[PDB]
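Novice: One structure is given below, represented as structure tokens, and several questions about it will come after.
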Amino acid sequence: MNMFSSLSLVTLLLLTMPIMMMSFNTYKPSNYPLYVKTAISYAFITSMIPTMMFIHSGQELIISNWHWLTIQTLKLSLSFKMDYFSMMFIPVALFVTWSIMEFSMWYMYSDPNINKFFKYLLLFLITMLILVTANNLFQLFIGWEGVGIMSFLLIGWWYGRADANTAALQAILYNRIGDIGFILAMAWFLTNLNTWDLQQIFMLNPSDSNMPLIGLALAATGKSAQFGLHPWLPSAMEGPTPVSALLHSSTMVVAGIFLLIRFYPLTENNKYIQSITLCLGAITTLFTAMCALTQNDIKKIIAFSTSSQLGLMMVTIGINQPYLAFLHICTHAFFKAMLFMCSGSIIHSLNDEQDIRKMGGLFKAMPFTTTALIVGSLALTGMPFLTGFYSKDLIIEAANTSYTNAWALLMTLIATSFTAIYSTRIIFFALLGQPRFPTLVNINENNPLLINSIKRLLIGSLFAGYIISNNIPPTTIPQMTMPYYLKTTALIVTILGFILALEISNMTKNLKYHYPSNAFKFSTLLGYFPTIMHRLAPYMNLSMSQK
Amino acid sequence: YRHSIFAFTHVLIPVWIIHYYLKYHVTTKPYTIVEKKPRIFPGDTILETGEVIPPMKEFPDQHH
Amino acid sequence: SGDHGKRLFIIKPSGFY
Amino acid sequence: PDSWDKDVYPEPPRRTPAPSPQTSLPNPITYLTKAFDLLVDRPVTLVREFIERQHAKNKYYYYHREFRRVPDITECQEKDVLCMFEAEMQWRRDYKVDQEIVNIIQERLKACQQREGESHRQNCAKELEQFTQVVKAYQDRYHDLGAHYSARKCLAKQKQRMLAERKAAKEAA
Amino acid sequence: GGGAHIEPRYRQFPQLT
Amino acid sequence: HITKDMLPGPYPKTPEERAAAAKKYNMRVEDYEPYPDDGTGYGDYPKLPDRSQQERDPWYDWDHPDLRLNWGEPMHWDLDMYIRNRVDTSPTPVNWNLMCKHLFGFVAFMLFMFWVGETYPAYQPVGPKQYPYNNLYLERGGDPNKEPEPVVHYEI
Amino acid sequence: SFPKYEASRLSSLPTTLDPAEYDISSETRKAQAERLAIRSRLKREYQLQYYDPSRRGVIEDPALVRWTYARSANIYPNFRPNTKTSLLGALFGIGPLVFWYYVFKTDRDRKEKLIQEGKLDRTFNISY
Amino acid sequence: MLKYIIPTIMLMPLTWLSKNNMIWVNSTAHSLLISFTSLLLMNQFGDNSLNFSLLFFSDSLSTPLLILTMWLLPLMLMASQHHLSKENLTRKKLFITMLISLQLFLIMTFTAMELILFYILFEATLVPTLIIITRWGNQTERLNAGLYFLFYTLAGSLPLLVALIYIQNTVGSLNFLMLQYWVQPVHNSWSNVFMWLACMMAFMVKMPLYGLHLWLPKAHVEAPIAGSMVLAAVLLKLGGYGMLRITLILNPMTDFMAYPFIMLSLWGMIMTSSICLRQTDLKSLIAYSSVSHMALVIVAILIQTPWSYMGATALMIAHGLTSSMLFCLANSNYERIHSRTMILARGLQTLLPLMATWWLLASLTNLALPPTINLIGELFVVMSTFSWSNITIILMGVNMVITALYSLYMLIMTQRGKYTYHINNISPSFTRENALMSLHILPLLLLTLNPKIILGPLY
Amino acid sequence: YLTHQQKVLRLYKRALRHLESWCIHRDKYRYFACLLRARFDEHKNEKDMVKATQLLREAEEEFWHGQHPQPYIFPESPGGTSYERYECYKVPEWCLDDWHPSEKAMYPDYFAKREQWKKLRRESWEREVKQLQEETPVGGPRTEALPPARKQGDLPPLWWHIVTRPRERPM
Amino acid sequence: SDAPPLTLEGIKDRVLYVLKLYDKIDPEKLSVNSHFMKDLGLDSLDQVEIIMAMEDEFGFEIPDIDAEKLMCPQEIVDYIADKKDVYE
Amino acid sequence: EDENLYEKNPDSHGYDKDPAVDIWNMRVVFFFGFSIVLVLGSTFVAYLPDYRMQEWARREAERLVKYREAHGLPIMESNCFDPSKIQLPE
């Protein structure tokens, strides 16, 4: 109890003091990169100690060490509702970023702002930990905005770059719209209810709660880069891959989902709200993946792969399966983080290049990357006995085995199919094929941390899924009875992608001509959403401002 | 040494510190630290009371 | 760095102040 | 503050069952928990046992001021500020505390939601009724006053509700 | 800083370690 | 410290006013033209094509390279709006009139399908589920005083 | 099969697709020369000062100054007796306000009704 | 409050009789000591305020401004001596003397227990303000701004002056405490309509409210660095304090009267906010920041709910610290590039490493970075406003979204990009500048530790 | 305008990359590049100017319906990832004079060599302009050409800024 | 980027091999001063292929004008080094 | 005219061209502000006793909750004042 409580919050307080070393003290120059990483190393180990107690004893304490304000009839405090989500999730973010931190030392070797980066990288982790452990909206909101500030700076890391400045703002602009739903909950609860801490809402259990959830859906949209608020996520890849991997492919864009899990009790009751969530998740996953099949730069495909995966994460919320959505995000966090790191090997290998039309033949030149890029994609593809299967298979069974909307439900089968369609392109174009890389080739991965970092993540993509799926508590019903074609429709339809995709891959070498397809230009340009929106609205506000 | 020095200063010290804060300032206030109550299963004995939960009913002895 | 000499000059504002 | 009296912040009795790990694999928590007992509970407690005497050696007690009671706005002649000065300041104290005791009533309801598990939807029914009655009373006391709340407007709120009910009873009579 | 552990190459397949 | 007349002035009501006007702005009178004379009264500043600064090729060397502007150039009335990050009108491969039509059709179809889906949702070939204890009415915080109306599920 | 690109307010014609470039004449070689030759005059003034060994700070640009000085349009332009700009320009900006009044006046009065009779549940309506 | 009044006064003899070359030495130290003593006013109580004598009184609503108010004065002296150095001693002391007087004319303004006294002291402030801008303003090009001040007094102060005097005869006295027990309902009648406007119109020009804000942007073109900081730090808040004050005797008539202001206020935010984008002038956009921000405060007062006043108290304190810092930040370029042009200079991060930090650090608070006090207030406005009418959320939603635009536009347009080639005088940040700026963010952030003080008497 | 001749070369230069983008594979692209080469060779000998006008018009609309939505771009050019990605690391050459003597004294070799740039900047200053005065067209330069030096060991007019510019990769 | 530095002399042999990989460029007619139009007999169409080959040989794009004026290897050598800041 | 200060007094701070005053003015500017007004000023607020009766409000909120339950009294009656004292019209 007391050990569980103390060890719950030691991790966060462990991280803070290193930051103080940048204001005070000049103790240790020229070691900050390695120095900072080890905190995340120790953070994961210590954080697991409550987890192991949490698993065995199911101890979900609430800790409010300091009171910060009290207004008339509403009382604020710095509360820590140690619950299911953070106890299991936090270790994932800690270790998933562990590889990134150690890897980032070599990736950003030439940058004089490496200390600033390491300083700033941890600062984002600070936001998420309090954000995830936040027991109240106000405490939650502070982190809910904190990531955005770090999100902007880390997106616009190369402040000289013209697009990076806009790109970070572009993320911001959508992010601002997200909080609008958030505050509505804050306003709705104080207005209707009389408190913001998550406890009392679940205590009162509102009978009629339609409006605040709409805000949650809207607020989740902004942070989930969903359809309608998607265009910003692709533009955030201008930053360093660790920025993209750590934030926009592992945890940052999943916060919108995170809260929805935190507020599972309310969304579930009104199935209409569940219906609302499915419509966004259904339309988003189909569109996000659909554009990925065309884009040239690998990082663009990677970003949409998370975007399409994000759809399933929301979709699970639309079916009243909270802890399962939690699983997919964590399982997704296991490997999708690795992929961008592995793709970084391609980026660094080709001297900072991403276009796959100058890539190929790295199977023998970079087998280790081919040994690491392939592994993660298998779980993404839905391959059995992988971290994706331990959730995709289990969740996909719930996709068609519960009261659903047929038109929206069909969007689920396509989504899984399109998930693997692009995967063969990356491997074929980048790894296999004839050598398309330029004449001066600098294929040399002779860096220790890269090798070490790739090792550690490869463990998670494989072993974790069975461990977690065989170690998580029972919080729902095991839905195992269903027709076999419905049982593994993902397996039935996932392979169909291979058949058509492989046909396309063979059609790549064939010396046949190129045809401009309306389903290609529309899907290649991202369905006109960025270009039309990035040129219509900006004129209106500025042009009409003078009036 | 690096691990040990940092351990005391940044791990053993704050954890000691957190203990006192909760152990004498946070808990002493009502409804400050809450914990979801332990689960109860058949045939478990209590310590504060000394009482024991009933076991479950007679299962039909299915093919299991 | 990777070669003898080839140490490039550093131009910056006067940070002494 | 010394500690909480049960009649003020009542708490449920605690019934933690005796552990029954039927497997032959040792429970790690026994060893690990002993470490925290031997590493964090005691040495801090060792310091704790030292601090107590130093607090006790040089002792001093600070008291809790109490406020007498004086006639309220029911007994003040028009524009007699000096007599009214007591009532409003006295009234501000009355309201000020009553704002908190709504929290305390909410403290029992909030905590009972969490500690009591999934049966919080059933267990804490008394806390709800303990809570609903006051809030209806509370809003009847200090609601619809605006930023310039005052006893006279606070009283006038009673005047409008009483003649809303007094008449209503006569209407329903 | 090991002293040019691997040399580069011109149009050749880079050295494998 | 520039001469008064070298600053923006009233509309040149006659070409002779334009002949001297274009000299202040240094522009050839042929291209120089003030905005239409009306109550608007922008003055006599050049009415350049309302376009995007991005158009000027970056690889041209200017005195404001990123801004891609030459020293002394007559600025744009909406120059603060037409900068690189702000309003841009770079040509696209596909027509604006077509792209807007193409985009609207895509969405206009997507919404319609959902209504049909929401008007024709999906349900597995099964009836309603069954819960004993009259739907756990008492376990959901029901009223002890009132007996829930029994909802008994028989064997089947 | 390639229709001429259809421009618009947010997407204009390319220079290459402009027929004026396919047909360039002597008078064009003066219009072209005027822009280029004139571009030298301001180039000559600015260049010498920028290269000056003993110049520190900034070099004033009257054209940039003109535009900055051109943003003070308060009383010398436009006249009160206008029916096309003053009246028409009045609608933009003021209309929403009158629109908002009915929006808020209607909505907020509707809010009072329920309180006047209890049609609105304000059970935990403590703060306000 | 004599303890605070007199020490400032003697600073005037300090300027004249101090070592001629130590006028900057003594002033800051001697003035600074007063700032430390400023804290003593915080001996607030739960129910009753702190009332000293028949003239001066202080409370939660005015307490933070007093402590805040004096804080500015040393900074204004700091920011000025660079360009005042150009001035001669015979005419230099003329600059300090006026500033010292305005401190007396301000602290007493927020502690006046009699409205006329408040009005009187409040009125004189324009003389220090105007003479600061006019005689020692970098621009003397005959902007003809006399119309606005002519209009302001005609429509503002003068009707207000008559308005006040009318009340005293009827009720009996104008002591602010006395009205707390003798205020009477103000029924809807034609006469009271005109009283209501005069009792409110004067401040709106100074908040400033929408439609009356034409005068503020032009000021910072003329006013030097010293004048600008106090204008938004202090002078703007005068209206809010008075409006929060006088509104004790405008019930229930204020309800219907409020709507015409509120729509201007609520709508004005988005119009004012987006106009920030098209402001080519550094100081104008910085000025525009105040225009949109204060509009929130006005609405909070008009809705007149117990929660709302807390936000204004927090918001009023919050903004003033920020913008006052911003003027110096942008002005810091005016002392290097000798103009206010935003677009002229860019990429200050490389030539001024630390300076980009301050722009980053201060910009966050403008865009309401949690948990900074700025969001605490701004958010409190949203909560209170939403109860008034749920539809109000949208305007707040868009305005905040817009807020991030200009909050980062200048931070982008100036702290990044290629250094302007022909610019070659970019000197390292000076100690005066480094320290002077740090005085702003520190207390602004440190207030986050104990925001309770700036929650008005409601808290 | 670039005259008729340049436009084809600029179009032909740009045309191949997009073709390469769609075909991608070197052997495949090399095949249809020759087929693309087989086009501009046919119209290589066209003489009648109006005849040459119509043909190139088609290469605009025809190219407009062949352009790849995502063509390959060199990172260090517009449309490339590495554009304006290292500008900040370049530093003005005029910031040295503000250096505190502590920083300056660390580099005795540098500044002594710098003095031969400032000295070379000023000693050659007066002569170079006089070179341009007589070499500048009357009433204003017609074209933006910069004449070279016309003596023994003479710096080109207006040379300081171009030469004294930073390096692509300074650190 | 580890440390692959470049030298003025080194670019020269790189240029030739790109000029050696040109089938039309006879090995015995390949030299530093071999004007493309005259000494090698390579026209604008031929030159662009070399420049295109060069662009793939150095990982930097040459603009439109900078590829036209290069009608001999020396200009390219005088051009590549100036672009890539090569001094030694 | 912009006579740069660093030229006259390279060891200056930005205040004056007098090294002693620039240093001394620097000392007081930093000292009183950071050393006295800032650091010490922060402390004063920290230990403000019962600011706005915050501490006593809670402590008295204890007894009444004890007393109100101790005798079964409703924790807050619907009457803020006492109706019995009041004498309404009609």
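Residue positions begin at 1 at the first shown residue.
The way this entry was determined, per its header, is electron microscopy, 3.6 Å.
Yeah, the Cβs are placed from backbone N, Cα and C, and that goes for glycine too.
Straight from Swiss-Prot, here's the annotation block:
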- H:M1: N-formylmethionine (MOD_RES)
- H:22-42: transmembrane segment (TRANSMEM)
- H:60-80: transmembrane segment (TRANSMEM)
- H:94-112: transmembrane segment (TRANSMEM)
- H:147-167: transmembrane segment (TRANSMEM)
- H:196-216: transmembrane segment (TRANSMEM)
- H:224-244: transmembrane segment (TRANSMEM)
- H:256-276: transmembrane segment (TRANSMEM)
- H:284-303: transmembrane segment (TRANSMEM)
- H:308-330: transmembrane segment (TRANSMEM)
- H:351-371: transmembrane segment (TRANSMEM)
- H:393-413: transmembrane segment (TRANSMEM)
- H:435-455: transmembrane segment (TRANSMEM)
Novice: Based on DSSP, name the secondary structure state of H:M1 (N-formylmethionine): helix, strand or coil.
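Specialist: SS state of H:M1 (N-formylmethionine) = coil.
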Novice: What same-chain residues, at least 6 away in sequence, bring their CB to under 8 Å of the CB of H:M1 (N-formylmethionine)?
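Specialist: Residues satisfying the criterion: H:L41, H:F52, H:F56, H:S58, H:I107, H:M108, H:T111.
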Novice: Answer yes if the transmembrane segment (H:60-80) and the transmembrane segment (H:308-330) have at least three CB pairs under 8 Å among residue pairs 6 or more apart in sequence, and no otherwise.
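Specialist: These two segments touch.
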Novice: Using a threshold of three or more Cβ pairs below 8 Å, and leaving out pairs closer than 6 in sequence, do the transmembrane segment (H:224-244) and the transmembrane segment (H:94-112) count as in contact?
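Specialist: Output yes: the transmembrane segment (H:94-112) sits against the transmembrane segment (H:224-244).
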Novice: Answer with yes or no whether the transmembrane segment (H:196-216) touches the transmembrane segment (H:224-244) by the criterion of at least three Cβ pairs under 8 A, sequence separation 6 or more.
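Specialist: Yes, the stretches contact each other.
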Novice: Looking at the transmembrane segment (H:256-276) and the transmembrane segment (H:351-371), are there 3+ C-beta pairs under 8 A, with each pair at least 6 apart in sequence?
Specialist: no
Novice: Go through the chain and flag residues at least 6 beyond the ends of the transmembrane segment (H:308-330) whose CB is under 8 A from any CB in it; none is fine as an answer.
Specialist: 60-61, 64-65, 68, 72, 75, 79, 220, 225, 228-230, 232-234, 236-237, 240-241, 244, 282-283, 286, 289-290, 293-294, 296-297, 299-301, 340, 342, 355, 358-359, 362, 365-366, 372-374, 376-381, 383-385, 410, 433, 436-437, 440-441, 443-444, 447, 451, 454-456, 458-459
Novice: What parts of the chain pack near the transmembrane segment (H:351-371), using Cβ distances under 8 Å and only residues at least 6 beyond its ends?
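Specialist: Sequence-remote neighbours of the transmembrane segment (H:351-371) are 289, 318, 321-322, 325-326, 329, 332, 378-379, 400, 403-404, 407-408, 410-411, 414-415, 419, 426, 428-429, 434, 437, 440-441, 444, 448.
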Novice: Are there residues at least six beyond either end of the transmembrane segment (H:393-413) with Cβ under 8 Å to its Cβ atoms? List them, or say none.
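Specialist: Distant contacts of the transmembrane segment (H:393-413): 266-267, 269-270, 273-274, 276-277, 282, 285, 288-289, 292, 330, 342-343, 346, 359-360, 363-364, 366-368, 378, 381-382, 385-386.
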Novice: Give the nonlocal contacts of the transmembrane segment (H:435-455) in its own chain as ranges (CB under 8 Å, at least six residues past its ends).
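Specialist: Answer is 42, 44, 60, 63-64, 71, 75, 78-79, 310, 313-314, 317-318, 321-322, 324-325, 328-329, 358, 361-362, 365, 371-373, 376.
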